[PDB]
Amino acid sequence: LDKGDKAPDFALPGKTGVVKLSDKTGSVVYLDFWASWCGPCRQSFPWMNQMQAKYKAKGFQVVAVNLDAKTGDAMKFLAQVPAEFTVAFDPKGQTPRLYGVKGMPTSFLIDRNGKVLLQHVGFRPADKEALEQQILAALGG
Amino acid sequence: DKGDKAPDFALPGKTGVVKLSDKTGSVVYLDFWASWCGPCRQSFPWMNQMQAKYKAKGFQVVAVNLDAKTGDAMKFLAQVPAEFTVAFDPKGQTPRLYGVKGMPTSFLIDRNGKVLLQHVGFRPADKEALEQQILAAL
Amino acid sequence: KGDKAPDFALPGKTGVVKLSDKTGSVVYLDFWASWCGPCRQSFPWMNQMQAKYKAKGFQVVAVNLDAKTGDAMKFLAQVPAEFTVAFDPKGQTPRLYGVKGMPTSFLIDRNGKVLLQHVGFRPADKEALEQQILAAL
Amino acid sequence: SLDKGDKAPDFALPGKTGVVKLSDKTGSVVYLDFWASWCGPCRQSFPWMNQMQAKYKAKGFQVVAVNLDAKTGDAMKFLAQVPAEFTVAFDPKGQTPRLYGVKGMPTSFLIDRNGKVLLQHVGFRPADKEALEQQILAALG
């Protein structure tokens, strides 16, 4: 996918029911691909929680697609780590291929129209400032 | 899980394609590591000693990197020498296959390609234990 | 020209790279290396091309031939490459393709046969090459 | 994959004059090079190998350069413009480099008088010349 292309839609199981990218149309979406064994994911979660609470009123949603072989293991992770945003489970790892994911983690910022604005590989504290800047811009400043 | 068949894989290596199936007949210490994983700073020099010490008897270390950015992996290898086979799996295909739930994680595999153990983490106290497991496998 | 380009399975930056997967698309197979000066030019150019004709089915495959990948990474870390990259330190593919010089590029057609074998890279090549590319599209 | 101390695999390859066998060099310290006409660094390594050969031949030193060009004819073209005052062998099938665990082009080996590997050197750059000659000098006593 290139900036501007439409983010492929999907329907994945959630903790509550089903999670569909399409249902998030209208809101800037921070789509994240993570797994419980990925150390950087332990740092990105507190931050994603921060962004979600800070920008949810402006029509912003974090959608975190988990890629653990067993959702049970991800549930363990979530039992210890707060995730105050939508979480989807893709045990077969079907969506990351659709998105051309090439690293773990990898996140995508999708605009209110459902088009890709950016693809971010990996996560380190130094990524927070630039990423929030991108979020803020997509929300209509 | 001790006894299952270790999933096969084909990952890019530093000088070709790395396949677990190419190590059949040898004891294999399969390691999952990453630059962002601190314990790997200790595991590597140790894996270098083990690989050298038991190579003659049919022992082979295969260290699968899980860095999202290879640049970070190379940076790490530039500092921490790895005198053993290294493979790259940024997409996380193999850790998903092996059910990796923590880091680092290693698997000791017998000559018949079957799991002998799964070891999560790495601390000085693990070295003797693991080396005994290696010795036992040989 | 018209022969048929030999396939291969080389390690990539994020998986295995196989010329066979680029079927149906025009392929600009390029053999480069960090020690190859003309490559610092061919790259920015290949980026422009890949972007410009990718919509019409243009695919650039740059096979690196550095003996030390560290050297290749060092290069790619300075000279961004918006296209598929493969590494062949052992130099297996250049042997299959009879590479006689560097840099050397092979423009291939959707039928993966070979339309062109180009050696070297100088500013005066870009035009003709882009032309040969456009013609292939 | 050879280790220092391991016996260097023998071979019999065609040469310009006749056949070339590593075993005919037993007793001499050998600098075994794996090169090809398309490999840039080889244009720098050849003048240096010519220098080492002239400087140490009297001590029982020999450079053996196994060519890996697809067609020996192309190698012959290279040799027509680049002096090679040492033994040259041609391995168009590329059988020997695999036997030696060659992982880069070029790659060279220093072999002691007993036919055992002293070192494996990958690539070639002017910065390599000094350390390489020190190794050669040592092997020659």
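Residues numbered from 1 in each chain as written, not as in the entry; some residues may be left out. Chains lettered and ligands numbered in written order. Heavy atoms only, no water. Residues with missing side-chain atoms left out of burial classes, pairs and counts.

By the method listed in its record, X-ray crystallography, this PDB entry was determined to a resolution of 2.09 Å.

This paragraph deals with the packing of helix α1 (residues 40-54) of chain B against helix α4 (residues 124-137) of chain B. Residue and element names in this part refer to chain B. Two elements in contact, α1 and α4, have axes separated by 12 Å at closest approach and are oriented at 25°. Overall, the two elements α1 and α4 adopt an arrangement that is roughly parallel. Note that α1 runs across α4; the crossing there is right-handed. Between α1 and α4, the contacting residues are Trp46, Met50, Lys53 and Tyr54 on the first element and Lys127, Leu130, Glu131, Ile134 and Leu135 on the second. (Axes fitted to C-alpha atoms, helices over the stretch in contact; angles between N-to-C directions. Helix = DSSP H or I, 4+ residues; strand = E, 2+ residues; numbered from the N terminus. Parallel < 35°, antiparallel > 145°, perpendicular 65-115°, else oblique. Left-handed = near helix turned anticlockwise from the far one by under 90°. Contact = heavy atoms within 4.5 Å.)

The next subject is the pattern of salt bridges. Going through the model one piece at a time under the given rule, you end up with eleven salt bridges over all chains. The partner of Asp128 of chain D in a salt bridge is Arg125 of chain D, with the nearest N and O atoms 3.7 Å apart. Looking at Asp128 of chain D, the relative accessible area reads 6%, which means it is buried. Here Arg125 of chain D falls in the partly exposed class, since its relative accessible area comes to 42%. Several salt bridges converge on common partners, so that one network encompasses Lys100 of chain C together with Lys71 and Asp74 of chain D. (Salt bridge = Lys/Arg side-chain N within 4 Å of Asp/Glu carboxyl O. Buried < 20%, exposed > 50% of the residue type's maximum accessible area, 1.4 Å probe, protein only.)

With that out of the way, let us pick up the nonpolar core. Core analysis: the largest hydrophobic core is formed by 91 residues, its most contacted members being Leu31 and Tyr99 of chain A together with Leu30 of chain B. With 90 residues, the next largest nonpolar core counts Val79 of chain C together with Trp48, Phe78 and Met105 of chain D among its residues. (Core = buried A, V, L, I, M, F, W, Y, C linked by side-chain atoms within 4.5 Å.)

Another aspect to go through is the interface of chain A and chain B. Taken residue by residue, the interface counts 20 residues in chain A and 13 residues in chain B. Summing both sides of the interface, chain A and chain B together bury roughly 1200 Å²; the carbon and sulfur share of this comes to 61%. Summed over the shared surface of chain A and chain B, the number is zero salt bridges. The set of elements that each furnish at least two residues to the side of chain A that touches chain B consists of α1 (39-55) and α2 (71-80) of chain A. Partitioned by chemical class, the residues of the side of chain A that touches chain B number ten nonpolar, five polar and five charged. (Buried area = accessible area lost by both parts, 1.4 Å probe. Nonpolar A, V, L, I, M, F, W, Y, C, P; charged D, E, K, R; others polar.)

All right, on to the sheet that holds strand β3 (residues 26-32) of chain C then. Residues and elements named next belong to chain C. Read across the sheet, five strands follow the order β5-β4-β3-β6-β7 without closing on themselves; strand pairing throughout is mixed. Looking along the sheet, the strands with just one partner apiece sit at the ends: β5 (84-87) and β7 (116-119). Between one strand and the next, the sheet's axes are offset by a mean angle of 20°, whatever the strand orientation. As paired strands, strand β4 (residues 58-64) and β5 are joined by four bridges and run parallel to one another. (Pairing = 2+ DSSP bridges.)

The next point concerns the packing of helix α2 (residues 70-79) of chain B against helix α2 (residues 69-76) of chain C. As a packed pair, α2 of chain B and α2 of chain C sit with axes 11 Å apart at the nearest point and diverge in direction by 135°. Considering the angle they form, α2 of chain B stands oblique to α2 of chain C. Considering only the axes of α2 of chain B and α2 of chain C, their crossing is left-handed. Contacts between α2 of chain B and α2 of chain C involve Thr70, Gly71 and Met74 of chain B on the former and, on the latter, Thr69, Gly70 and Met73 of chain C. The residue inventory of the contact of α2 of chain B with α2 of chain C, partitioned by class, reads two nonpolar, four polar and no charged.

Before going further, it helps to spend a moment on the sheet that holds strand β7 (residues 117-122) of chain D. Working definition: the strands of a sheet are paired by backbone hydrogen bonds and lie parallel or antiparallel to each other. Residues and elements named next belong to chain D. Pairing is mixed in the open sheet, where five strands are placed in the order β5-β4-β3-β6-β7. Of all strands in the sheet, those with a lone pairing partner are β5 (87-90) and β7, marking the two edges. Averaged over all pairs of adjacent strands, the angle between strand axes in this sheet comes to 20°, irrespective of strand direction. Pairing of strand β4 (residues 61-67) with β5, which is carried by four bridges, proceeds in the parallel orientation. Bridge pairing in β5 places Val66 opposite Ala89. Taken strand by strand, helix α1 (residues 41-56) contacts β3 (29-35) and β4, and its axis lies near 165° from that of β3. Along the sheet, helix α2 (residues 72-81) contacts β3, β4 and β5; its crossing angle with β5, the most-contacted strand, is approximately 155°.

Here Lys24 of chain A is to be found in the loop between β2 (18-20) and β3 (28-34). Along the backbone, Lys24 of chain A and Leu109 of chain A are 85 residues apart, and their C-alpha atoms lie at a distance of 12 Å.

Another aspect to go through is unusual backbone geometry. In this chain, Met102 of chain C is followed by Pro103 of chain C through a cis amide linkage whose omega measures 0°. Its place among the elements puts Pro103 of chain C in the loop between α3 (92-96) and β6 (104-108). Along the chain, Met105 of chain D connects to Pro106 of chain D via a cis peptide bond; the corresponding omega equals 0°. Examined against the element boundaries, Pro106 of chain D turns out to sit in the loop between α3 (95-99) and β6 (107-111). At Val114 of chain C, a residue that is not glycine, the phi angle is positive and equals roughly 110°. Within the secondary structure layout, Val114 of chain C lies in the loop between β6 and β7. On the accessibility criterion, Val114 of chain C (9% relative accessible area) is buried.

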